[PDB]
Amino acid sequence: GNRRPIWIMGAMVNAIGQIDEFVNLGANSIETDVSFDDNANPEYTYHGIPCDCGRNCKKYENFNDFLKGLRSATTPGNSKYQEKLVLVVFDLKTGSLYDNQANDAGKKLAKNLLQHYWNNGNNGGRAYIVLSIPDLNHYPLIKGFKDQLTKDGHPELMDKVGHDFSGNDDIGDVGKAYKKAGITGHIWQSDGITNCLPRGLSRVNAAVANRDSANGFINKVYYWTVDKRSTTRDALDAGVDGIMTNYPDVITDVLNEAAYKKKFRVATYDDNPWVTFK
């Protein structure tokens, strides 16, 4: 049948100069860590030590500067525009917040994305955005973010946003969080661990089984962080939609092997990231 569109996602893309570095290696999407200040305002794109094996953990930007950089990379006509870059996952490091600041964090995130990435709707960046929350109890972040875009008069930008819960929670617990949040679509499900440690496919398989079921709630599944060809083959064989990596050219190489090329292709802006593949 049709080839499954795949997001090849550059990992830990936290400096503006890295956006081109990863896209030029074959990434059509990136993941970026977002730190918060004491007031739940996104502050830096910063991970810190420890991080993935082989990487510098300390590159960072003021979050709004990173957004302006991402805006340039994703706005047609800009000197820096990368047509290939279609999705950003923000790994929201809400662990530094109290649980009762989750909703505030979502409003401040929306406020900054509207201002600096979507340019108040004036020729904004065009990538789809996934808000990845590490703790199921921080689900009120989603409400906060939607309510802020609505207050600011741009509720339609929610069409460009989707959701993930990154903490490797049991799939039924994740679904219960989305039911609490009133969310029923635009759901990605991460599964993974640092490239420094081993991991199997059992939870990826559970997530894929949910995605492919008639009654499931997941739209896309992505596996992280994968730096080896054999792991990439295993994940594609398991039917994931996305693979996060420190080496986009490694994943591109596998996808260009003749057996995989018949069955997968690199996602473009044509491909809606909230739609389950069939």
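All residue numbers refer to positions in the sequence shown, first residue = 1.
Stretch comparison (119-127 versus 145-153) by mean CA B-factor in the PDB entry places 119-127 on top. When the C-alpha B-factors of 36-44 and 226-234 are averaged, 226-234 comes out higher. Across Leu67, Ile49, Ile243, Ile218, the greatest Cα temperature factor reported in the deposited entry is at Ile49. Per the PDB record, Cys196 has a higher Cα B-factor than any other of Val161, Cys196, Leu114, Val86. In this PDB entry, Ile187 carries a Cα temperature factor that places it within the lowest third of its chain's modelled residues.
When the CA B factors of the chain's modelled residues are split into thirds, the value for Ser213 lands in the highest one. Split the chain's modelled residues into thirds by C-alpha temperature factor. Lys108 is in the lowest one. In this PDB entry, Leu25 carries a Cα temperature factor that places it within the middle third of its chain's modelled residues. The entry lists a Cα temperature factor for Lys80 that places it in the middle third of the chain's modelled residues.
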